[PDB]
file run-v2.cif (mmCIF, C-alpha atoms)
data_input
loop_
_atom_site.group_PDB
_atom_site.id
_atom_site.type_symbol
_atom_site.label_atom_id
_atom_site.label_comp_id
_atom_site.auth_asym_id
_atom_site.auth_seq_id
_atom_site.Cartn_x
_atom_site.Cartn_y
_atom_site.Cartn_z
ATOM 1 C CA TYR A 1 100.456 62.658 64.053
ATOM 2 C CA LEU A 2 100.368 59.295 62.312
ATOM 3 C CA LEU A 3 104.164 59.210 62.182
ATOM 4 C CA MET A 4 104.545 60.265 65.823
ATOM 5 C CA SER A 5 102.043 57.663 67.005
ATOM 6 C CA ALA A 6 103.927 55.096 64.949
ATOM 7 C CA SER A 7 107.039 56.295 66.764
ATOM 8 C CA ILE A 8 98.998 60.316 51.667
ATOM 9 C CA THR A 9 97.270 57.691 49.701
ATOM 10 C CA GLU A 10 98.756 55.899 52.671
ATOM 11 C CA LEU A 11 96.098 57.640 54.748
ATOM 12 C CA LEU A 12 93.377 59.562 52.904
ATOM 13 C CA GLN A 13 91.561 56.251 52.373
ATOM 14 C CA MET A 14 91.560 54.895 55.944
ATOM 15 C CA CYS A 15 88.401 55.079 58.018
ATOM 16 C CA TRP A 16 88.793 57.067 61.195
ATOM 17 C CA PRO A 17 85.733 59.265 61.798
ATOM 18 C CA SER A 18 87.036 62.572 60.446
ATOM 19 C CA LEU A 19 90.458 63.878 59.472
ATOM 20 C CA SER A 20 90.183 66.703 62.015
ATOM 21 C CA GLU A 21 93.167 67.688 64.124
ATOM 22 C CA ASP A 22 92.414 65.742 67.288
ATOM 23 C CA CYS A 23 90.095 62.872 66.411
ATOM 24 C CA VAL A 24 92.881 60.637 65.097
ATOM 25 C CA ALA A 25 95.000 60.529 68.251
ATOM 26 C CA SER A 26 91.850 60.796 70.366
ATOM 27 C CA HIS A 27 90.509 57.535 68.962
ATOM 28 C CA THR A 28 93.932 55.915 69.095
ATOM 29 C CA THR A 29 94.233 56.696 72.793
ATOM 30 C CA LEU A 30 90.642 55.674 73.502
ATOM 31 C CA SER A 31 90.962 52.320 71.774
ATOM 32 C CA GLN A 32 94.326 51.610 73.359
ATOM 33 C CA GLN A 33 92.985 52.494 76.816
ATOM 34 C CA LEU A 34 89.875 50.325 76.429
ATOM 35 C CA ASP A 35 91.989 47.387 75.309
ATOM 36 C CA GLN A 36 94.622 47.812 78.022
ATOM 37 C CA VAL A 37 91.790 47.909 80.542
ATOM 38 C CA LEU A 38 89.627 45.031 79.307
ATOM 39 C CA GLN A 39 92.676 42.792 79.021
ATOM 40 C CA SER A 40 93.526 43.205 82.704
ATOM 41 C CA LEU A 41 89.780 43.018 83.353
ATOM 42 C CA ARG A 42 89.337 39.537 81.943
ATOM 43 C CA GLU A 43 92.664 38.647 83.551
ATOM 44 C CA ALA A 44 91.421 39.558 87.022
ATOM 45 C CA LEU A 45 87.825 38.362 86.611
ATOM 46 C CA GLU A 46 88.993 34.966 85.355
ATOM 47 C CA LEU A 47 90.081 34.309 88.952
ATOM 48 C CA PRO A 48 81.053 27.977 96.991
ATOM 49 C CA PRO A 49 79.116 31.108 95.961
ATOM 50 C CA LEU A 50 77.838 32.104 99.374
ATOM 51 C CA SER A 51 80.958 30.823 101.100
ATOM 52 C CA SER A 52 83.228 32.818 98.806
ATOM 53 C CA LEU A 53 81.215 36.000 99.305
ATOM 54 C CA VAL A 54 81.268 35.418 103.073
ATOM 55 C CA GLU A 55 85.046 35.084 103.066
ATOM 56 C CA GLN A 56 85.481 38.153 100.870
ATOM 57 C CA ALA A 57 83.312 40.017 103.381
ATOM 58 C CA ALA A 58 85.612 39.134 106.295
ATOM 59 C CA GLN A 59 88.583 41.352 105.358
ATOM 60 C CA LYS A 60 89.474 44.929 106.316
ATOM 61 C CA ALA A 61 87.567 47.795 104.722
ATOM 62 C CA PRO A 62 90.691 49.530 103.321
ATOM 63 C CA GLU A 63 91.670 46.228 101.712
ATOM 64 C CA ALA A 64 88.194 45.829 100.219
ATOM 65 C CA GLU A 65 88.368 49.369 98.841
ATOM 66 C CA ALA A 66 91.195 48.150 96.578
ATOM 67 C CA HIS A 67 89.323 45.269 94.961
ATOM 68 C CA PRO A 68 91.109 44.824 91.620
ATOM 69 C CA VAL A 69 87.793 44.215 89.884
ATOM 70 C CA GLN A 70 86.373 47.347 91.483
ATOM 71 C CA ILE A 71 89.688 49.074 90.780
ATOM 72 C CA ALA B 1 69.328 73.029 -1.284
ATOM 73 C CA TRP B 2 73.058 73.417 -0.520
ATOM 74 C CA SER B 3 73.684 76.558 -2.557
ATOM 75 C CA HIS B 4 76.942 77.551 -0.859
ATOM 76 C CA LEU B 5 79.874 75.280 -1.511
ATOM 77 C CA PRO B 6 79.827 73.591 1.905
ATOM 78 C CA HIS B 7 82.528 71.649 3.729
ATOM 79 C CA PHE B 8 83.183 70.250 7.201
ATOM 80 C CA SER B 9 81.717 73.584 8.455
ATOM 81 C CA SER B 10 78.737 74.610 6.288
ATOM 82 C CA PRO B 11 77.422 77.742 8.054
ATOM 83 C CA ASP B 12 73.748 76.763 8.100
ATOM 84 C CA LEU B 13 74.740 73.156 8.729
ATOM 85 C CA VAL B 14 77.292 74.378 11.287
ATOM 86 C CA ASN B 15 74.464 76.031 13.181
ATOM 87 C CA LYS B 16 72.442 72.854 12.649
ATOM 88 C CA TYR B 17 75.207 70.963 14.473
ATOM 89 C CA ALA B 18 77.177 73.470 16.576
ATOM 90 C CA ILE B 19 77.884 71.342 19.676
ATOM 91 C CA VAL B 20 80.786 72.722 21.740
ATOM 92 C CA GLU B 21 82.248 71.428 25.013
ATOM 93 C CA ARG B 22 84.451 72.777 27.819
ATOM 94 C CA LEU B 23 87.099 70.885 29.768
ATOM 95 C CA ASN B 24 84.841 69.677 32.567
ATOM 96 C CA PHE B 25 86.296 68.858 35.965
ATOM 97 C CA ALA B 26 86.192 65.183 35.066
ATOM 98 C CA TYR B 27 89.403 65.866 33.148
ATOM 99 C CA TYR B 28 91.377 66.688 36.275
ATOM 100 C CA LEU B 29 89.614 64.311 38.621
ATOM 101 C CA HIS B 30 89.736 61.330 36.269
ATOM 102 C CA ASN B 31 93.370 62.085 35.709
ATOM 103 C CA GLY B 32 93.751 63.017 39.354
ATOM 104 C CA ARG B 33 94.752 66.690 39.556
ATOM 105 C CA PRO B 34 93.402 67.593 42.986
ATOM 106 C CA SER B 35 94.247 71.146 43.868
ATOM 107 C CA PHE B 36 94.152 72.165 40.242
ATOM 108 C CA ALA B 37 90.897 70.211 40.017
ATOM 109 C CA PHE B 38 89.177 72.282 42.677
ATOM 110 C CA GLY B 39 90.768 75.519 41.508
ATOM 111 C CA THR B 40 89.828 75.184 37.856
ATOM 112 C CA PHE B 41 86.392 74.022 38.960
ATOM 113 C CA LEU B 42 85.996 77.241 40.919
ATOM 114 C CA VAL B 43 87.423 79.323 38.077
ATOM 115 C CA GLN B 44 84.875 77.959 35.649
ATOM 116 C CA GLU B 45 81.897 77.423 37.921
ATOM 117 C CA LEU B 46 82.067 79.192 41.286
ATOM 118 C CA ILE B 47 81.292 82.527 39.658
ATOM 119 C CA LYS B 48 79.142 80.702 37.116
ATOM 120 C CA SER B 49 77.269 78.984 39.973
ATOM 121 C CA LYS B 50 74.179 81.168 39.966
ATOM 122 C CA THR B 51 72.755 78.534 42.366
ATOM 123 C CA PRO B 52 75.681 77.916 44.733
ATOM 124 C CA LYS B 53 73.818 75.497 47.000
ATOM 125 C CA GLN B 54 72.197 73.640 44.097
ATOM 126 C CA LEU B 55 75.378 73.631 42.010
ATOM 127 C CA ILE B 56 77.418 72.459 45.011
ATOM 128 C CA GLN B 57 75.008 69.585 45.614
ATOM 129 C CA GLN B 58 75.128 68.623 41.936
ATOM 130 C CA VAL B 59 78.933 68.657 41.952
ATOM 131 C CA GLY B 60 78.900 66.500 45.064
ATOM 132 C CA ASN B 61 76.623 63.990 43.363
ATOM 133 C CA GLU B 62 79.011 63.910 40.428
ATOM 134 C CA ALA B 63 81.959 63.448 42.788
ATOM 135 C CA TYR B 64 80.277 60.524 44.512
ATOM 136 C CA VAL B 65 79.499 58.924 41.149
ATOM 137 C CA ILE B 66 83.083 59.368 39.983
ATOM 138 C CA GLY B 67 84.485 57.915 43.175
ATOM 139 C CA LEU B 68 82.189 54.917 43.181
ATOM 140 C CA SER B 69 83.269 54.263 39.619
ATOM 141 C CA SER B 70 86.822 53.259 40.570
ATOM 142 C CA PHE B 71 86.809 51.075 43.690
ATOM 143 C CA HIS B 72 89.943 49.045 42.962
ATOM 144 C CA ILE B 73 92.176 51.783 41.581
ATOM 145 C CA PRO B 74 93.955 53.671 44.386
ATOM 146 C CA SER B 75 94.655 56.993 42.717
ATOM 147 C CA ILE B 76 91.058 57.657 41.747
ATOM 148 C CA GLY B 77 89.931 57.024 45.310
ATOM 149 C CA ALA B 78 92.486 59.401 46.779
ATOM 150 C CA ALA B 79 91.456 62.073 44.299
ATOM 151 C CA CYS B 80 87.831 61.544 45.233
ATOM 152 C CA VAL B 81 88.594 62.052 48.912
ATOM 153 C CA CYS B 82 90.573 65.222 48.312
ATOM 154 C CA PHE B 83 87.933 66.730 46.029
ATOM 155 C CA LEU B 84 85.206 65.976 48.543
ATOM 156 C CA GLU B 85 87.251 67.598 51.301
ATOM 157 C CA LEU B 86 87.918 70.687 49.193
ATOM 158 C CA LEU B 87 84.237 70.724 48.256
ATOM 159 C CA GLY B 88 83.085 71.361 51.822
ATOM 160 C CA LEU B 89 80.973 68.307 52.629
ATOM 161 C CA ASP B 90 81.111 65.027 54.546
ATOM 162 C CA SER B 91 84.047 62.646 54.074
ATOM 163 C CA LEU B 92 82.501 59.388 55.211
ATOM 164 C CA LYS B 93 80.102 58.255 52.481
ATOM 165 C CA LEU B 94 82.798 57.810 49.859
ATOM 166 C CA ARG B 95 85.232 56.347 52.371
ATOM 167 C CA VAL B 96 82.579 53.899 53.565
ATOM 168 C CA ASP B 97 81.884 52.830 49.994
#

call {"tool": "encode", "arguments": {"input": "run-v2.cif", "output": "structure tokens"}}
result
Amino acid sequence: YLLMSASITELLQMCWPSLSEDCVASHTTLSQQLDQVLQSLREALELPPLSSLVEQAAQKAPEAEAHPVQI
Amino acid sequence: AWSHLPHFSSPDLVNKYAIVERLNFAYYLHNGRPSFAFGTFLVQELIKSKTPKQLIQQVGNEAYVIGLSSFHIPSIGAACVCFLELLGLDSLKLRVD
């Protein structure tokens, strides 16, 4: 699994939770997903107060349903 | 009174100082003989473990001590991990250390 994801004493001293069958790739996928999300998160959220909210409230409902932040 | 001509093994003295030892698992672990380590440990002790829970806990304590002894060296650490896994206990205390 380590080799495939990349695609002994090398491993048996790392610090994933347990050496069970799934947990390794499970954590790898979880961490990668959280990072790939939060990166685009900060990217979007980095983009008048009342005025801005008023304008954002003047669009079409289907458009508002696809708010990238909400997305 | 040493009546008998004694030597390096005077019978009464030999009893007075008969102190024998068996090849304890530290031999394999300290060398690093994992599967043989567990297997010989079982051969000597598993049957001999009249208190399997108590003996298992004691062996675990020994394993933790041994592992902590050798932080820098890689081979000792790997052996510690394998022996803990073959023991049947948690594999996070030694790794955390």

call {"tool": "resolve_selection", "arguments": {"input": "run-v2.cif", "expression": "the PyMOL selection byres ((chain A) within 7 of (chain B))", "output": "PDB file with C-alpha atoms, in the frame of the given file"}}
result
ATOM      1  CA  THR A   9      97.270  57.691  49.701  1.00  0.00           C
ATOM      2  CA  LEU A  12      93.377  59.562  52.904  1.00  0.00           C
ATOM      3  CA  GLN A  13      91.561  56.251  52.373  1.00  0.00           C
ATOM      4  CA  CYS A  15      88.401  55.079  58.018  1.00  0.00           C
TER       5      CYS A  15
END

call {"tool": "atom_distance", "arguments": {"input": "run-v2.cif", "atom1": "CA of residue 69 (chain A)", "atom2": "CA of residue 28 (chain A)"}}
result
24.6 Å

call {"tool": "closest_residue", "arguments": {"input": "run-v2.cif", "among": "A:2, A:61, A:53, A:71", "to": "residue 37 (chain A)", "atoms": "all atoms listed in the file"}}
result
A:71

call {"tool": "closest_residue", "arguments": {"input": "run-v2.cif", "among": "B:76, B:19, B:47, B:89", "to": "residue 59 (chain B)", "atoms": "all atoms listed in the file"}}
result
B:89

call {"tool": "axis_aligned_box", "arguments": {"input": "run-v2.cif", "around": "region 88-96 of chain B", "padding_each_side": "5 Å", "output": "lines of an AutoDock Vina configuration file"}}
result
center_x = 82.7
center_y = 62.6
center_z = 52.5
size_x = 15.1
size_y = 27.5
size_z = 15.4

call {"tool": "resolve_selection", "arguments": {"input": "run-v2.cif", "expression": "the PyMOL selection byres ((chain B and resi 29) around 9)", "output": "NGL selection string"}}
result
:B and (25-28 or 30-34 or 37-38 or 63 or 66 or 76 or 79-80 or 83)

call {"tool": "atom_distance", "arguments": {"input": "run-v2.cif", "atom1": "CA of residue 66 (chain A)", "atom2": "CA of residue 44 (chain A)"}}
result
12.9 Å

call {"tool": "closest_residue", "arguments": {"input": "run-v2.cif", "among": "B:87, B:35, B:15, B:70", "to": "residue 57 (chain B)", "atoms": "all atoms listed in the file"}}
result
B:87

call {"tool": "closest_residue", "arguments": {"input": "run-v2.cif", "among": "B:13, B:2, B:23, B:54", "to": "residue 40 (chain B)", "atoms": "all atoms listed in the file"}}
result
B:23

call {"tool": "atom_distance", "arguments": {"input": "run-v2.cif", "atom1": "CA of residue 17 (chain B)", "atom2": "CA of residue 55 (chain B)"}}
result
27.7 Å

call {"tool": "residues_around", "arguments": {"input": "run-v2.cif", "residues": "residue 45 (chain B)", "least_positions_apart": "4", "cutoff": "10 Å", "atoms": "all atoms listed in the file", "output": "PyMOL selection string"}}
result
chain B and resi 24-25+39-41+49-50+52+55-56

call {"tool": "residues_around", "arguments": {"input": "run-v2.cif", "residues": "residue 68 (chain A)", "least_positions_apart": "2", "cutoff": "12 Å", "atoms": "all atoms listed in the file", "output": "JSON, numbers by chain"}}
result
{"A": [37, 40, 41, 42, 43, 44, 45, 46, 47, 63, 64, 65, 66, 70, 71]}

call {"tool": "closest_residue", "arguments": {"input": "run-v2.cif", "among": "B:53, B:84, B:46, B:7", "to": "residue 65 (chain B)", "atoms": "all atoms listed in the file"}}
result
B:84

call {"tool": "build_atoms", "arguments": {"input": "run-v2.cif", "residues": "region 54-74 of chain B", "atoms": "N, CA and C atoms", "output": "mmCIF file, in the frame of the given file"}}
result
data_model
loop_
_atom_site.group_PDB
_atom_site.id
_atom_site.type_symbol
_atom_site.label_atom_id
_atom_site.label_comp_id
_atom_site.auth_asym_id
_atom_site.auth_seq_id
_atom_site.Cartn_x
_atom_site.Cartn_y
_atom_site.Cartn_z
ATOM 1 N N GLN B 54 72.619 74.664 45.048
ATOM 2 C CA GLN B 54 72.197 73.640 44.097
ATOM 3 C C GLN B 54 73.375 73.128 43.278
ATOM 4 N N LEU B 55 74.213 74.043 42.787
ATOM 5 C CA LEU B 55 75.378 73.631 42.010
ATOM 6 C C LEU B 55 76.344 72.815 42.860
ATOM 7 N N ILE B 56 76.528 73.203 44.124
ATOM 8 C CA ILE B 56 77.418 72.459 45.011
ATOM 9 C C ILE B 56 76.892 71.047 45.230
ATOM 10 N N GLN B 57 75.585 70.914 45.447
ATOM 11 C CA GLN B 57 75.008 69.585 45.614
ATOM 12 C C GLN B 57 75.178 68.749 44.352
ATOM 13 N N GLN B 58 74.959 69.358 43.185
ATOM 14 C CA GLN B 58 75.128 68.623 41.936
ATOM 15 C C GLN B 58 76.565 68.146 41.775
ATOM 16 N N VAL B 59 77.526 69.024 42.062
ATOM 17 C CA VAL B 59 78.933 68.657 41.952
ATOM 18 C C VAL B 59 79.263 67.536 42.924
ATOM 19 N N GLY B 60 78.690 67.585 44.125
ATOM 20 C CA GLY B 60 78.900 66.500 45.064
ATOM 21 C C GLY B 60 78.362 65.183 44.547
ATOM 22 N N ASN B 61 77.177 65.211 43.937
ATOM 23 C CA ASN B 61 76.623 63.990 43.363
ATOM 24 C C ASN B 61 77.546 63.445 42.289
ATOM 25 N N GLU B 62 78.065 64.335 41.448
ATOM 26 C CA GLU B 62 79.011 63.910 40.428
ATOM 27 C C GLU B 62 80.259 63.313 41.061
ATOM 28 N N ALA B 63 80.751 63.932 42.134
ATOM 29 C CA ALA B 63 81.959 63.448 42.788
ATOM 30 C C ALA B 63 81.746 62.060 43.356
ATOM 31 N N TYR B 64 80.591 61.841 43.978
ATOM 32 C CA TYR B 64 80.277 60.524 44.512
ATOM 33 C C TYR B 64 80.201 59.491 43.398
ATOM 34 N N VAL B 65 79.568 59.847 42.278
ATOM 35 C CA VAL B 65 79.499 58.924 41.149
ATOM 36 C C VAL B 65 80.902 58.569 40.677
ATOM 37 N N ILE B 66 81.731 59.590 40.474
ATOM 38 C CA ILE B 66 83.083 59.368 39.983
ATOM 39 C C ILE B 66 83.835 58.450 40.925
ATOM 40 N N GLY B 67 83.771 58.740 42.221
ATOM 41 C CA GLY B 67 84.485 57.915 43.175
ATOM 42 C C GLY B 67 84.017 56.477 43.144
ATOM 43 N N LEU B 68 82.703 56.276 43.187
ATOM 44 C CA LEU B 68 82.189 54.917 43.181
ATOM 45 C C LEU B 68 82.631 54.182 41.935
ATOM 46 N N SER B 69 82.915 54.916 40.866
ATOM 47 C CA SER B 69 83.269 54.263 39.619
ATOM 48 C C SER B 69 84.569 53.467 39.694
ATOM 49 N N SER B 70 85.437 53.718 40.669
ATOM 50 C CA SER B 70 86.822 53.259 40.570
ATOM 51 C C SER B 70 87.297 52.598 41.856
ATOM 52 N N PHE B 71 86.516 51.653 42.379
ATOM 53 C CA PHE B 71 86.809 51.075 43.690
ATOM 54 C C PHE B 71 88.235 50.542 43.786
ATOM 55 N N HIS B 72 88.638 49.690 42.847
ATOM 56 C CA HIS B 72 89.943 49.045 42.962
ATOM 57 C C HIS B 72 91.070 50.063 42.878
ATOM 58 N N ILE B 73 91.028 50.922 41.866
ATOM 59 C CA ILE B 73 92.176 51.783 41.581
ATOM 60 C C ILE B 73 92.455 52.668 42.784
ATOM 61 N N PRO B 74 93.708 52.810 43.221
ATOM 62 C CA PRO B 74 93.955 53.671 44.386
ATOM 63 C C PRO B 74 93.860 55.146 44.065
#
